[PDB]
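Notes follow once the structure below has been shown.
The chains referred to below are lettered A, B, ... by the order of the sequence lines, with proteins before strands, and numbering in each begins at 1.
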Amino acid sequence: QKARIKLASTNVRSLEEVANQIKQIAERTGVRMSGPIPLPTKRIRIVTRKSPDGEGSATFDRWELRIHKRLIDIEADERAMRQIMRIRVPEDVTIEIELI
Amino acid sequence: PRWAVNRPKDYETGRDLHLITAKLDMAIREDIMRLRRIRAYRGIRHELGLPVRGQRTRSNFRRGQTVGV
Amino acid sequence: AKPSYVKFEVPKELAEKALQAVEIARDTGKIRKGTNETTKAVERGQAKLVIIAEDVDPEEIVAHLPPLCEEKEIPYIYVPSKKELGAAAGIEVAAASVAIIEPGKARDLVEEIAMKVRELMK
Amino acid sequence: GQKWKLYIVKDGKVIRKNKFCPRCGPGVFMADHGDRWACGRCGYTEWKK
Amino acid sequence: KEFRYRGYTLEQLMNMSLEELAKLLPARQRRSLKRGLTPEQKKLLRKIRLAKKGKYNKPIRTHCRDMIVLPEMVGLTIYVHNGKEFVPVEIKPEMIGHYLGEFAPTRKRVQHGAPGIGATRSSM
Amino acid sequence: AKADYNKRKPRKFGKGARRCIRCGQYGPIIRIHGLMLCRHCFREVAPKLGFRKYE
RNA sequence: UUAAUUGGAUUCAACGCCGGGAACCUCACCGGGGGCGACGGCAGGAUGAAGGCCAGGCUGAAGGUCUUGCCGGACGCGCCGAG
Ligand SMILES: [Mg+2]
Ligand SMILES: [Mg+2]
Ligand SMILES: [Mg+2]
Ligand SMILES: [Zn+2]
């Protein structure tokens with residue numbers, strides 16, 4: 001009777017906007033929602049040699065990509081379920097919903 | 001145990017044997033001689049006094065005297 | 001087949017319905033030349049309009065279609081010349097037998113000339 | 001040049017010395033190996049008499 | 001003074017199945033036989049058996065340097081590629097269990113000349 | 001057939017089984033998280049993919 | 001030194017460097033065997049071009065080539081430009 005929502009994006013602000021929209025949807029209805037839980041960030045780190053050839057001193061680049069995550073639990077209410085089913089997320093945010 | 005002797009599965013009789021002192025020495029010499037008779041790669045390496053188990057020889061294994069230019 | 005093989009005369013109508021009735025059918029049909037290629041076609045009945053020209057010597061690979069004429073329907077006509085036979089249906093070479101299967105809008109004249117040949121000599 | 005012969009053909013009767021592949025229809029012809037039927041395209045180990 | 005490999009004569013080795021023989025070779029050869037022969041080795045073995053039967057009276061030349069010497073190969077002569085030529089090998093009974101390439105050296109023995117310019121610090 | 005003498009063997013491991021999807025080079029291929037890029041090509045397209053040099 | 005031991009880099013700023021820990025591949029070297037000329041035209045070509053194959057020789061192994069005959073139907077490096 002509860003739904004679990006997982007959010008992930010490479011931009012923090014869009015994630016915050018989507019979470020706030022879900023929070024307000026839950027607020028405008030009588031329904032209990034466990035707050036957005038922040039899960040640990042994913043860091044993808046790649047270290048590469050800079051020069052194309054092998055002459056000279058060795059210097060390195062450290063490229064990094066960060067992926068943020070959030071977790072939200074809400075109880076399945078059809079009046080509130082339709083609203084979150086129709087909210088539109090930006091193209092740089094991934095959302096997945098499941099019933100437990 | 002059979003896996004503790006120093007010459008298991010003998011080349012001639014096929015048994016598991018342990019050898020000491022002169023018999024051990026002559027058995028090892030016989031093994032090397034067998035390798036040499038059939039002109040195998042390891043036999044040639046034994047004859048020339050060169051490393052047998054695939055080592056590099058450009059840098060190490062140097063035993064001699066410097067040659068001038 | 002070959003002019004030195006007296007079968008019958010050279011009717012003008014046979015030539016008219018054998019040569020001038022393929023150009024209107026070449027653009028709406030299929031063409032299969034070659035004596036060896038057509039031999040399997042006639043043997044299995046694949047061919048539909050067999051126009052046998054009298055241009056192939058000797059009587060070695062040509063003495064197979066007349067002996068097979070009584071074995072199947074094989075509606076066949078004769079061609080006087082070969083030089084334009086390939087041009088009429090095919091490519092600019094010398095043709096010996098241009099077999100067309102299921103021509104387009106080439107039924108009345110071909111059927112009439114086939115009946116004429118049936119009543120002429122078989 | 002031209003290779004179409006060895007088939008016993010007379011004035012009105014046509015019969016083929018070389019049979020056709022049982023996997024295929026008539027018209028296809030085997031070789032004259034004599035040991036076995038070459039079959040031209042399929043091959044057969046039959047010890048032709 | 002006769003030949004015995006594990007207490008077995010040559011004739012007893014001849015009348016053995018491939019699986020039976022593999023229990024007497026070292027671990028590497030036993031594993032190689034247990035995985036079967038490559039097609040090239042199959043063709044080479046066919047030629048060898050044909051030669052044993054009394055046919056194929058021609059030199060046996062091969063590229064298969066990784067073929068394992070078997071008891072039924074004893075008595076023949078095989079020409080193994082060494083990179084640029086086929087060298088003759090006369091199989092002896094004591095060669096059982098070894099690779100063919102062990103009898104065809106690929107490099108020439110080294111006889112050093114006088115060190116050239118740049119061989120020492122003071123020669124540069 | 002004559003065309004069979006131009007086709008390569010379909011290898012599944014070794015340096016010859018992986019090529020850069022951008023330049024086709026063998027060798028220094030980055031295999032992390034499914035990328036298939038040379039160390040040369042990855043430097044000049046990293047910002048487009050969203051990577052940054054924070055430190 | 002070798003059939004070949006592929007090549008670049010020589011003070012700091014060449015020498016566990018070319019992300020270079022190469023069994024095949026990588027490969028650029030050595031021995032040997034095969035394959036490739038859009039598009040224009042020249043010889044040629046359904047009376048069949050170009051092309052493909054059962055078995056068996058040559059061969060490390062091979063319709064790669066030859067022996068032995070069976071296939072397929074419209075293009076054609078045997079020739080010149082060009083790619
Ligand atoms: Mg390294
Ligand atoms: Mg290595
Ligand atoms: Mg290599
Ligand atoms: Zn690349």
Mind checking A:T48 for me? I need base, sugar-phosphate or nothing, with any heavy atom below 4.0 Å counting as a touch. base
If you take any heavy atom closer than 4.0 Å to RNA chain G, which residues from residues 45-65 of chain E end up in contact? E:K47, E:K58, E:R61, E:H63
If the cut-off is 4.0 Å, is C:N36 near the phosphate of G:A46, judged by side-chain N/O to OP1 or OP2? no
Can you tell me how far P in G:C58 sits from the matching atom in G:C80, rounded to whole Å? 37 Å
Per nearest nucleotide of RNA chain G, the residue lying toward the 5' end, C:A95 or A:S57, is A:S57
For nucleotides G:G81 and G:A38, find the distance between their P atoms and express it as a whole number of Å. 16 Å
Glycosidic conformation of G:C12, taking syn as within 90° of 0 and anti otherwise: syn
Distance between P atoms of G:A49 and G:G73 (Å, rounded): 11 Å
Return all side-chain donor-acceptor pairs below 3.5 angstrom for residues 55-68 of chain B, not counting sequence neighbours, or 'none' if the list is empty.
unit_1: B:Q55; atom_1: OE1; unit_2: B:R53; atom_2: N; d: 3.3
unit_1: B:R62; atom_1: NE; unit_2: B:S59; atom_2: O; d: 3.1
unit_1: B:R62; atom_1: NH2; unit_2: B:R58; atom_2: O; d: 3.1

Syn or anti conformation of G:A38, syn meaning chi within 90° of 0: syn
Could you tell me how far G:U65 sits from G:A28 if I compare only their P atoms? Round to whole Å. 26 Å
Would one find a side-chain N or O of E:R107 under 4.0 angstrom from OP1 or OP2 of G:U2? no
Tell me whether G:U47 sits syn or anti, counting syn as a glycosidic angle within 90° of 0. anti
Contact under 4.0 Å: F:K2 side-chain N or O vs G:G52 OP1/OP2: yes
Give C:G86 one of three labels, base, sugar-phosphate or nothing, depending on what nucleic acid heavy atoms sit under 4.0 Å from its own. nothing
Can you list, by residue number, the residues of residues 20-30 of chain D that have a non-hydrogen atom closer than 4.0 angstrom to RNA chain G? D:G27, D:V28, D:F29, D:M30
Looking at every strand, decide which applies to F:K9 at a 4.0 Å heavy-atom threshold: base, sugar-phosphate, or nothing. nothing
Give the rounded distance in Å between these two atoms: CZ of F:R11 and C1' of G:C25. 4 Å
Between C:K40 and G:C71, is there a contact of a side-chain N or O with OP1 or OP2 at under 4.0 Å? yes
